[PDB]
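These protein sequences, in sequence, are chains E, L and F.
Using the deposited numbering, the letters of the first sequence correspond one by one to residues 306 to 382.
Using the deposited numbering, the letters of the second sequence correspond one by one to residues 1298 to 1525.
Using the deposited numbering, the letters of the third sequence correspond one by one to residues 3 to 188.
Below is one structure; the comments refer to it alone.
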Amino acid sequence: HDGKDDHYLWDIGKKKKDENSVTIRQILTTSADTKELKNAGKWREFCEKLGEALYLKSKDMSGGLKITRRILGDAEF
Amino acid sequence: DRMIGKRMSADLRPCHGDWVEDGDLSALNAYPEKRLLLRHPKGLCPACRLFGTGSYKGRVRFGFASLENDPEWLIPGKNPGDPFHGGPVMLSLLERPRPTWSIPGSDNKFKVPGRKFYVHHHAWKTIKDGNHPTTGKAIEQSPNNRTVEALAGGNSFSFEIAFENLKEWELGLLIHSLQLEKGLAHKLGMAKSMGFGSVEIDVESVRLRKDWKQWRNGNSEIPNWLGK
Amino acid sequence: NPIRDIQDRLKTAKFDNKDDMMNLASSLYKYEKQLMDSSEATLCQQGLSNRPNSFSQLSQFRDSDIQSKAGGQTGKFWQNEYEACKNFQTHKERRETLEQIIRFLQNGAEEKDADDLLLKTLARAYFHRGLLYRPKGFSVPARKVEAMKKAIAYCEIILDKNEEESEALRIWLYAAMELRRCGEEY
RNA sequence: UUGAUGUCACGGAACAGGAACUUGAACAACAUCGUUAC
């Protein structure tokens, strides 16, 4: 809301010491132009499988009882 | 040593509040039993039952109030023949309130006082002319104050409040809180400590809901609810 | 009503016997299971009374369990849940409780740390759900057949380590004797 | 990687149920900084 480069999500990892510490904006900024992710088809799968890996890592960060989505009705006749 | 949350009685702290004790709650973060260490062991106060909270929807809805007459500004604008824009007025410094003047000491004797209600007076006749309220000197255009456009006294707005599943005494107290007595007045807006902002609210018709068909204007039950 | 019980169990928790720890885990599981679906006991918006003592006890319970995740908590709770499910009235509530058990404990049986009680009660839930399938096509529905097959698969998961069990072997034979009369092969 | 005298698989809708909702006046007055002297 101030206009500076301090977001609460896209700027995690920025400290006062060793100001070369990378943030998520810099990582996504240097990966959007790597001469192999320059066409449309190669960027789509990159974002898809990166999001899939982050979801798989976020899933098992709970402690309560976890319900499954849909496990019943596999009728194969 | 203690935070400001432990400087008042434990019954006046907000229910569904925060963690002020010494241990860190972030350890019980991935478990559902964490939320029970942040609520009061008795329930919800009378104001977190009409107005909502987190994990409970409130049952009173306000609305946008609209003007009905012509504006009638405070300072006439620079473009004549245009009765839809006012003139500017420069305010004073208006900076942050210190809470180390109501709690002066540091040990245990100094608790937290009440709720800081501003008083009604007439000190805008000195701002409108360009002077300071304390000293009589002029106001400079420093890069720390504001230049606003303000309405004058004598306007009339109109709004509407919807409510559901209220008791009788809750409606009586809400009407007592909307319309005050004959000599009193509310306060809203900016720069409340300089006289600016003094409204008075009157209550027009009240319509109830009997069934899904009829609605039964209930104006004849107000002197009951109030007393109740 | 489900929040006063947590505190009643937290008052006299001795952190040494395997009965009060089990009762505390049962109360926590029942409160969470009450929250997952939206019952009428969701309007209770109170909390726990003695904050620092209760925080110490709950952190010590969630900390002095991670070295003893032997499956002694959830297995016994779902065992008693199924045991209460068996002796019910009309089939509607039995069907709903069976599908809720199946949905809740299907995840915790896919690892190496798989208890024998957990797999045993999951196979019994599949077998008992396989009997309550109302036909509608002048023929047997395929979901009954695959419930029987899943029960066989889990009882084979248990009996792969041991040889005789006298409890899982009977479930295996019940599933086979049920597959025989549904027009299938042994 | 088929076997012959006999293939309706173009013989079969991945279909069916779930309010991104709840809570929040764009508001404001008392200082800041540490040492000097016997």
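From the three backbone atoms N, C-alpha and C, an ideal C-beta is built for every residue, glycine too.
Sequence-distant residues of the same chain with beta carbon closer than 6 Å to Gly-132 of chain F, five excluded per side: Listed in chain order, the non-local C-beta contacts of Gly-132 of chain F below 6 Å within the same chain comprise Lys-146, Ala-149 and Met-150, local neighbours out to five positions each way being set aside.
Distance between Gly-318 of chain E and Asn-344 of chain E (C-alpha atoms, nearest Å): Between the alpha carbons of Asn-344 of chain E and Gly-318 of chain E lies a gap of roughly 30 Å.
Cross-strand partners of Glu-1446 of chain L (DSSP beta bridge): According to DSSP, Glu-1446 of chain L shares a beta bridge with L:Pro-1385.
Interface flag, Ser-326 of chain E vs chain L, CB-CB below 8 Å: For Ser-326 of chain E, the answer is no, since every Cβ of chain L falls outside 8 Å of its Cβ.
Sub-8 Å separation of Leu-370 of chain E and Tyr-31 of chain F beta-carbons: In this structure, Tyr-31 of chain F lies closer than 8 Å to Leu-370 of chain E by Cβ.
Among L:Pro-1394, L:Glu-1518 and L:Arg-1504, nearest to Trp-1512 of chain L - alpha-carbon criterion: That would be L:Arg-1504, whose Cα lies nearest to the Cα of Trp-1512 of chain L.
Spatially closest choice to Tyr-156 of chain F from F:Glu-83, F:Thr-123 and F:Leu-134, by CA coordinates: The shortest Cα separation from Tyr-156 of chain F among F:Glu-83, F:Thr-123 and F:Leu-134 belongs to F:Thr-123.
Within chain L, the residues that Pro-54 of chain F reaches when beta carbons sit closer than 9 Å: Simply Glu-1318, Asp-1319 and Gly-1320.
Limits of the unbroken alpha helix (DSSP H) element including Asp-65 of chain F: Unbroken alpha helix (DSSP H) run through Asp-65 of chain F: 53-65.
Other residues of its chain near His-1419 of chain L: CB distance less than 7 Å, five sequence neighbours each side excluded: For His-1419 of chain L, the CB contacts under 7 Å within the same chain, skipping 5 residues up- and downstream, are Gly-1492 in chain order.
Boundaries of the alpha helix (DSSP H) in which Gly-1469 of chain L is found, first to last residue: That run of the alpha helix (DSSP H) goes 1465-1475.
Contact with chain E by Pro-1440 of chain L, beta-carbon distance below 8 Å: No, no contact with chain E.
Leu-359 of chain E versus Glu-324 of chain E - alpha carbon distance: Distance between the alpha carbons of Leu-359 of chain E and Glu-324 of chain E: 26 Å.
Minimum Cβ-Cβ distance from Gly-308 of chain E to chain L less than 8 Å: Against chain L, the CB of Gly-308 of chain E has no partner CB under 8 Å away; the residue lies outside that interface.
Residues that DSSP places opposite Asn-1514 of chain L in a beta bridge: DSSP lists L:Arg-1504 as partners of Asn-1514 of chain L.
8 Å Cβ cutoff, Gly-346 of chain E in contact with chain L: No, its Cβ sits nowhere closer than 8 Å to a Cβ of chain L.
For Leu-370 of chain E, the three-state DSSP class (helix, strand or coil): The answer is coil: DSSP assigns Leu-370 of chain E none of H, G, I, E or B.
Any 3 or more C-beta pairs closer than 8 Å across the stretch 115-130 of chain F and the stretch 159-173 of chain F: Between the stretch 115-130 of chain F and the stretch 159-173 of chain F there are three or more inter-stretch CB-CB distances shorter than 8 Å, so the stretches are counted as touching.
Other residues of its chain near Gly-1355 of chain L: CB distance less than 7 Å, five sequence neighbours each side excluded: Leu-1347, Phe-1348 and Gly-1349, listed in sequence order.
Same chain, Cβ closer than 7 Å to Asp-1367 of chain L, neighbours up to 5 away in sequence not counted: Take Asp-1367 of chain L, set aside five residues on each side of it, and the residues of its chain with a beta-carbon closer than 7 Å to its own are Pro-1380, in chain order.
CA-to-CA distance, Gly-1427 of chain L to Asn-52 of chain F, given in whole angstroms: Each residue's Cα considered, the two are about 58 Å apart.
Helix, strand or coil at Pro-1520 of chain L [DSSP, three-state]: Secondary structure at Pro-1520 of chain L: helix, using DSSP grouped into helix, strand and coil.
Run of the alpha helix (DSSP H) containing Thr-123 of chain F, from where it starts to where it stops: 118-131 is the extent of the alpha helix (DSSP H) around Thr-123 of chain F.
Contacts of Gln-81 of chain F in chain L (Cβ-Cβ under 7 Å): By Cβ distance, chain L contributes nothing, its closest Cβ being about 22 Å from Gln-81 of chain F, past 7 Å.
Every unbroken alpha helix (DSSP H) within the stretch 1314-1362 of chain L, with a cutoff of 4 residues, ordered by chain: Restricting attention to alpha helix (DSSP H) runs no shorter than 4 residues, the stretch 1314-1362 of chain L encloses them at 1344-1347, ordered along the chain.
Residue from L:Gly-1314, L:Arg-1506, L:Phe-1414 and L:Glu-1497 whose Cα sits closest to the Cα of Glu-1461 of chain L: Closest by C-alpha distance to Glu-1461 of chain L, out of L:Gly-1314, L:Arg-1506, L:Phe-1414 and L:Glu-1497, is L:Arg-1506.
Cβ pair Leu-1371 of chain L, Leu-1448 of chain L closer than 8 Å: Result yes, Cβ atoms of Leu-1371 of chain L and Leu-1448 of chain L sit closer than 8 Å.
Distance CB(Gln-48 of chain F)-CB(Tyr-1353 of chain L) smaller than 8 Å: In this structure, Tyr-1353 of chain L does not lie closer than 8 Å to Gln-48 of chain F by Cβ.
Beta-carbon gap between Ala-153 of chain F and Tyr-128 of chain F smaller than 8 Å: Closer than 8 Å, so yes.
Span of the alpha helix (DSSP H), counted from its first residue to its last, around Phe-106 of chain F: Run containing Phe-106 of chain F: 93-107, per the alpha helix (DSSP H) assignment.
Cβ pair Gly-1360 of chain L, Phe-1456 of chain L closer than 8 Å: Their beta carbons are under 8 Å apart, which means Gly-1360 of chain L touches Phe-1456 of chain L by this criterion.
Neighbour-count burial assignment, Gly-1469 of chain L, 16 or more Cβ in a 10 Å radius: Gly-1469 of chain L comes out buried.
Selection of the stretch 360-376 of chain E by Cβ proximity to chain F, strictly under 8 Å: Going along the stretch 360-376 of chain E in chain order, one finds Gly-368, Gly-369, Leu-370, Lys-371, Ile-372, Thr-373 and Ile-376 with a Cβ nearer than 8 Å to chain F.
At least three beta-carbon pairs within less than 8 Å, the stretch 52-70 of chain F to the stretch 1309-1329 of chain L: Between the stretch 52-70 of chain F and the stretch 1309-1329 of chain L, the count of Cβ pairs shorter than 8 Å is three or higher; the stretches touch.
Three-way DSSP call (helix, strand, coil) for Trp-1509 of chain L in this model: Collapsing the DSSP output to three states places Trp-1509 of chain L in coil.
Contact test: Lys-35 of chain F Cβ vs the ligand ATP heavy atom, cutoff 7 Å: Within the structure as shown, the ligand ATP is missing, as the structure has no ligands at all.
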